[PDB]
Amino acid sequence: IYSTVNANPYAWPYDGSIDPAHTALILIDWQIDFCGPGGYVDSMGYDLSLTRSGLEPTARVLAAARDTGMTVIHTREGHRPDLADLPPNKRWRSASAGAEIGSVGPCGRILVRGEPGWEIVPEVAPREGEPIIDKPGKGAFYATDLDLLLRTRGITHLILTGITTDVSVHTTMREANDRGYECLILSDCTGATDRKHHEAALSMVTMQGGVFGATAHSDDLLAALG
């Protein structure tokens, strides 16, 4: 059992200790489509250095979670190759931005399950015993079995890493928080298409006594786990 994390705006978690038997690290969408050359985000013309800066810090947190025996869950955003799970508005916006879901680029069909751009990057590769969530939306709970995996393991606390801070990570945090999960978001293990959106996404969590949970740097988590 571990102590609290020095976090914003309260010492996390609210109940005063971290139990690996009730805590999961979530790694959200570390895929070429969100952080690598030739994928979805690169094809739209965004700066990949903003999404990639969280990769090596995430690998150090993943190693700490594995050493403490906490649950580890990974997510991949993606669609059935027949696109039966693709809403027409999501498709139309991706075409408007110059990177249509299902269209072929340097890393295969954009955001399609089984394609090279959709795979988890090797810097944070999963291992046996770490379930992978395949989500068709931004939030990892909707149209998945994530809540069943968490409730079966008795998980009450989540530590969030991955990309992007303001889209998939924030949506997943908001979904978990409404169900009563106690959530921490790591500031140096997340990133966005705009630095001001990354910073605003983190400061939004801290209002009203910690409306969505708390924020911390990975250094503050690693100090609590040591």
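The first residue of the shown sequence is 1; numbering continues from there.
You'll see in the entry that, of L50, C183, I26, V169, the Cα B factor peaks at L50. Across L55, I159, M173, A201, the greatest Cα temperature factor reported in the deposited entry is at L55. When all modelled residues of the chain are sorted by CA temperature factor, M70 is found within the highest third.
Sorting the modelled residues of the chain by their CA temperature factor places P116 in the middle third.
The PDB entry assigns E128 a C-alpha temperature factor belonging to the highest third of its chain's modelled residues.
Sort the chain's modelled residues by C-alpha temperature factor and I163 lands in the lowest third, per the entry. For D194, the recorded CA temperature factor ranks within the highest third of the chain's modelled residues.
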